[PDB]
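Okay, here's what each chain looks like letter by letter:
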Amino acid sequence: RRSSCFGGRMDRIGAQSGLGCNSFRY
Amino acid sequence: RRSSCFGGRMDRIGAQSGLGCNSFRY
Amino acid sequence: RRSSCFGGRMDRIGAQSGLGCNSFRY
Amino acid sequence: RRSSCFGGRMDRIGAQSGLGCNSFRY
Amino acid sequence: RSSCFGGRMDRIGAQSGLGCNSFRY
Amino acid sequence: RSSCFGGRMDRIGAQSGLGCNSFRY
Amino acid sequence: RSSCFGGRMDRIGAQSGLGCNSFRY
Amino acid sequence: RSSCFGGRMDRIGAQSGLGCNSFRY
Amino acid sequence: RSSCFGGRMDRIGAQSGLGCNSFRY
Amino acid sequence: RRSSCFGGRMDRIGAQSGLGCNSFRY
Amino acid sequence: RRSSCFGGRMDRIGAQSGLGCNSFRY
Amino acid sequence: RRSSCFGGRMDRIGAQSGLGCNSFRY
Amino acid sequence: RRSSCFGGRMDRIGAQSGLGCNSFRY
Amino acid sequence: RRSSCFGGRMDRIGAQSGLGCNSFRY
Amino acid sequence: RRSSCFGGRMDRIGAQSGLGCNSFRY
Amino acid sequence: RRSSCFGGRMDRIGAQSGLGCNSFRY
Amino acid sequence: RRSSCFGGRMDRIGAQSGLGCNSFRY
Amino acid sequence: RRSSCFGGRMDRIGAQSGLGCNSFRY
Amino acid sequence: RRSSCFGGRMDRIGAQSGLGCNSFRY
Amino acid sequence: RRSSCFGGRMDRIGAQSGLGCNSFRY
């Protein structure tokens, strides 16, 4: 039973990436 | 039973990445 | 039972990465 | 039972990384 | 049985950023 | 049985960004 | 049986961005 | 049985950033 | 049985940053 | 039972990393 | 030019009552 | 020029009552 | 130029009542 | 130039009542 | 010159009256 | 010159009257 | 010159009256 | 010159009145 | 010159009145 | 120049009431 029955996940995100209400200014 | 039945996870995030209400200024 | 039934996790985060309401100024 | 049924975890964080309401100024 | 979850349960997971506003007058 | 979930349950998952507004007067 | 889900359940998943507005007066 | 969870439970997980606002007058 | 969790339970986990605001007048 | 059923953990943190309301100024 | 009690360039003048005080409930 | 009690450049003048005092409830 | 009781450049003048006193409840 | 009781450059003048006294409850 | 050339004023306010971001609970 | 050349005013307000972002609960 | 050329004023306020971010609980 | 050219004033305030960020509990 | 050209004033305040960040509990 | 009771450069003048006295409750 190599199962992964989870609820939520956020994997393999790119560089300089925002995940929610993030302000950026380059 | 090599299971991973969890609830939440945020793995393998990129460099200079924000995870929630983070302000950046380069 | 090599299980990992947890509730939350934030692993393998990139360099200079913010995890919540963090202010940055380069 | 080589299990790791925990509740929360934050492992393998990058260098110069903030983990909550941290102010930075380079 | 409820091997690793069961019964009543509430908010479970990894919240990231909750109610940290910004003001500038 | 409910091997790893069952019964009543509520918000479960990875929320990312909740109620962090921005103001500028 | 409900091997890994069952019964009543509510919002489950990965929400990303919820109610973080922007203001500029 | 409830091998590693069961019964009533509340907020469980890794919150990251909660209610640390910023002000500038 | 409740081998390593059971019964009523409350906030469990690793909070990181809670209510440390910043002011500048 | 080589189990590690704990409640919370913050391991393997990077260099110059903040873990809550920490102010930095380089 | 006399301008006994007003004159020249002028901007918002009066009694504003309630400006930008919103309400939030999550 | 006389400008007995006003004149020249001028800005917001008056009795503001309530400005930017919001309410939050999480 | 007389400017008996006002004149020249001027800025916010008046009786402000309530400015930027918010309320929070988590 | 007379400027019997005001004149020249001037800034915020008046009776402010309540400025930046917030409330927190965690 | 019985003049009253002012900028702002809030006079003759009633009892139990709020003047900006005031919370009441009877 | 019995003049009253002002900018703003809020006079003769009733009892239990709010003047901007005021919360009441009877 | 019985003038009163002022900038701001809050006169003749009622009993139990709040003037800015004042909390009451009867 | 029976003048009163002032900048700010708060006169004739009622009983049990608050003038800024004052908490009351009867 | 029976003048009173001052900068600030708080006169004729009522009984049991607060004047800034004062806590009361009856 | 006369400037009977005001003149020249000037800054914040008036009766501020309540400035930066916050409240915390953990």
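The deposited coordinates for this entry were obtained by cryo-EM, with a reported resolution of 3.3 Å.

Enquirer: How should I be thinking about the interface of chain S and chain R in this particular structure?
Expert: Where interface size is quoted, it is often the accessible area lost as the parts come together. On the side of chain R, 26 residues touch chain S, which itself brings 26 residues to the contact. For the chain S and chain R pair, buried surface summed over both sides reaches about 2,100 Å², with 49% attributable to carbon and sulfur atoms. On the chain S side of the contact with chain R, S:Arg2, S:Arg12 and S:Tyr26 bury the most area, a combined 22% of that side's loss. Applying the counting rule to chain S against chain R returns 1 salt bridge.

Enquirer: In this structure, what is going on with the environment of N:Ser17? I would like to understand it.
Expert: Structurally, N:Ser17 is set in strand β1 (residues 17-19). Looking at N:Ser17, the relative accessible area reads 1%, which means it is buried.

Enquirer: Help me understand a positive patch on the surface in this model?
Expert: Where like charges cluster on the molecular surface, the positive patch consists of A:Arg25, B:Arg25, C:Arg25, D:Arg25, E:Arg24, F:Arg24, G:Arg24, H:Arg24, I:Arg24 and J:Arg25. Position of F:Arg24 among the secondary structure elements: in the segment after β1 (16-18). Residue class for F:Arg24 comes out partly exposed when judged on its relative accessible area of 36%.

Enquirer: Explanation requested: the sheet that holds strand β1 (residues 17-19) of chain T in the structure shown.
Expert: Strands pair in a sheet through their backbones, by hydrogen bonds, and they do so in one of two ways: parallel or antiparallel. One open sheet holds the 5 strands; their spatial order is β1(K)-β1(L)-β1(M)-β1(N)-β1(T), and the pairing between them is parallel. In this open sheet, the two strands that pair with only one neighbour each are β1 (17-19) of chain K together with β1 of chain T. Averaged over all neighbouring strand pairs, the angle between strand axes comes to 0°, with direction disregarded.

Enquirer: Would you explain empty space enclosed by the protein in this entry?
Expert: Rolled over the atoms, a probe sized like a water molecule indicates the empty space that remains. Summed over the entire model, instances satisfying the criterion amount to 3 cavities of 30 Å³ or more. Estimates place the volume of the largest cavity at around 70 Å³. Lining the largest cavity are C:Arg1, C:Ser3, D:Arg1, D:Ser3, D:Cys5, H:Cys4, I:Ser3, I:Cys4, J:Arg1, J:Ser3 and J:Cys5. Here the residues of the lining of the largest cavity are counted per class, giving 4 nonpolar, 4 polar and 3 charged. Lining the second largest cavity are B:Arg1, B:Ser3, B:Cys5, C:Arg1, C:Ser3, C:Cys5, E:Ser3, E:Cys4, F:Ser3 and F:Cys4. Residue composition of the lining of the second largest cavity, grouped by class: 4 nonpolar, 4 polar and 2 charged.

Enquirer: Would you explain the state of the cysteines in this entry?
Expert: Note on terminology: disulfide describes a covalent bond linking the sulfur atoms of two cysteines. The tally for this structure, following the rule as stated, stands at 20 disulfides over all chains. Two residues, M:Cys5 and Q:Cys5, share a disulfide whose sulfurs are 1.9 Å apart. Sign of the S-S torsion, about 80° for the bond between M:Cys5 and Q:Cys5, identifies this disulfide as right-handed.

Enquirer: How should I be thinking about the arrangement of the chains in this particular structure?
Expert: Nowhere do chain D and chain F come into contact; their C-alpha atoms are at least 12 Å apart. No part of chain I reaches chain L; the closest C-alpha pair between them is 13 Å apart.

Enquirer: Sorry if this is basic, but what is going on with the interface of chain P and chain O here?
Expert: Taken together, the 26 residues of chain P in the interface contact 26 residues of chain O. Of the roughly 2,100 Å² buried where chain P meets chain O, counting both sides, 49% is carbon and sulfur surface. When the area that chain P buries against chain O is broken down by residue, the three leading residues are P:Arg1, P:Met10 and P:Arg25, summing to 22%. On inspection of chain P and its partner chain O, the count reaches 1 salt bridge.

Enquirer: I'm lost on the nonpolar core in this one. Help?
Expert: Nonpolar side chains in soluble globular proteins tend to end up buried together. L:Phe6, M:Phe6, M:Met10, N:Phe6 and N:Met10 are the most contacted members of the largest nonpolar core, which totals 21 residues. Residues contacting M:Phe6, with those up to four places away along its chain left out, are L:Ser3, L:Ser4, L:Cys5, L:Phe6, M:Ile13, N:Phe6, N:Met10, O:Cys5, Q:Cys5 and Q:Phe6. Core analysis: the second largest hydrophobic core is formed by 18 residues, D:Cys5, F:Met9, F:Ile12 and H:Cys4 among them.

Enquirer: What is the right way to look at the environment of A:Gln16 in this model?
Expert: Relative accessible area serves as the criterion here: at 39%, A:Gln16 is assigned to the partly exposed category. Look past the residues within four positions of A:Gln16 in its chain and what remains in contact with it is A:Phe24, A:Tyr26, B:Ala15 and B:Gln16. Side chain to side chain, A:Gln16 and B:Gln16 meet in a polar contact 3.2 Å long.

Enquirer: Honestly, unusual backbone geometry in this entry has me stumped. Any pointers?
Expert: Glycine aside, a negative phi is what most residues show, and trans is what most peptide bonds show. At R:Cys21, a position not held by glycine, the phi torsion is positive, near 55°. At T:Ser3, a residue that is not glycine, the phi angle is positive and equals roughly 50°. In this structure, T:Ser3 sits in the segment before β1. Residue classification places T:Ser3 among the partly exposed residues on the basis of a relative accessible area of 31%.

What counts, and at which threshold
- Residues numbered from 1 in each chain as written, not as in the entry; some residues may be left out.
- Chains lettered and ligands numbered in written order.
- Heavy atoms only, no water.
- Contact = heavy atoms within 4.5 Å.
- Buried area = accessible area lost by both parts, 1.4 Å probe.
- Salt bridge = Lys/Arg side-chain N within 4 Å of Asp/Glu carboxyl O.
- Helix = DSSP H or I, 4+ residues; strand = E, 2+ residues; numbered from the N terminus.
- Buried < 20%, exposed > 50% of the residue type's maximum accessible area, 1.4 Å probe, protein only.
- Patch = residues over 30% accessible without salt bridge, like charges linked within 9 Å, V, L, I, M, F, W, Y side chains within 5 Å.
- Areas by Shrake-Rupley, 256 points an atom, 1.4 Å probe, with all protein chains shown as cover.
- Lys, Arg positive; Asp, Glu negative; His and termini not counted.
- Charge placed at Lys NZ, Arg CZ, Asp CG, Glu CD.
- Pairing = 2+ DSSP bridges.
- Axes fitted to C-alpha atoms, helices over the stretch in contact; angles between N-to-C directions.
- 1 Å grid on protein atoms, 1.4 Å probe; cavity = no way out; pocket = protein on both sides within 12 Å on 5 of 7 lines; lining within 4 Å.
- Points joined across faces, edges and corners; volume = space filled by probe spheres on them.
- Nonpolar A, V, L, I, M, F, W, Y, C, P; charged D, E, K, R; others polar.
- Disulfide = S-S within 2.5 Å.
- Core = buried A, V, L, I, M, F, W, Y, C linked by side-chain atoms within 4.5 Å.
- Polar contact = N/O pair within 3.5 Å; in protein donor to acceptor, adjacent residues only side chain to side chain.

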